[PDB]
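Undergrad: Test case, fold it:
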Amino acid sequence: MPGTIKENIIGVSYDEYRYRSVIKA
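TA: Numbering: from 1, shown residues only. Shown next is the protein structure:
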């Protein structure tokens, strides 16, 4: 990842957020 360290988190957070208050069913 010589040039994909931040472009990767944008995808990891896009989920944790959409998963932060939704999994708790």
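
Undergrad: burial of residue 7, as a residue count?
TA: 9 (other Cβ atoms under 10 Å). No exception for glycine: its C-beta is placed from N, CA and C like everyone else's.

Undergrad: so how far is residue 6 from residue 18?
TA: Applying Cβ to Cβ, to the nearest Å, the value for residue 18 to residue 6 is 19 Å.

Undergrad: er, residue 19 I mean
TA: With Cβ to Cβ as the criterion, residue 19 and residue 6 are 20 Å apart.

Undergrad: just residue 23 next, same as before
TA: According to Cβ to Cβ, residue 23 and residue 6 sit 25 Å apart.

Undergrad: Measure how buried residue 15 is and give me the count.
TA: Counted with other Cβ under 10 Å, residue 15 comes out at 9.

Undergrad: And the one 4 residues further on, by the same measure?
TA: Counted by other Cβ under 10 Å, the residues lying close to residue 19 total 10.

Undergrad: Helix, strand or coil: sort out it for me.
TA: Classification of residue 19 by DSSP: H, G, I helix; E, B strand; the rest coil places it in helix.

Undergrad: Kindly report the same for residue 7.
TA: Classification of residue 7 by three-state DSSP places it in helix.
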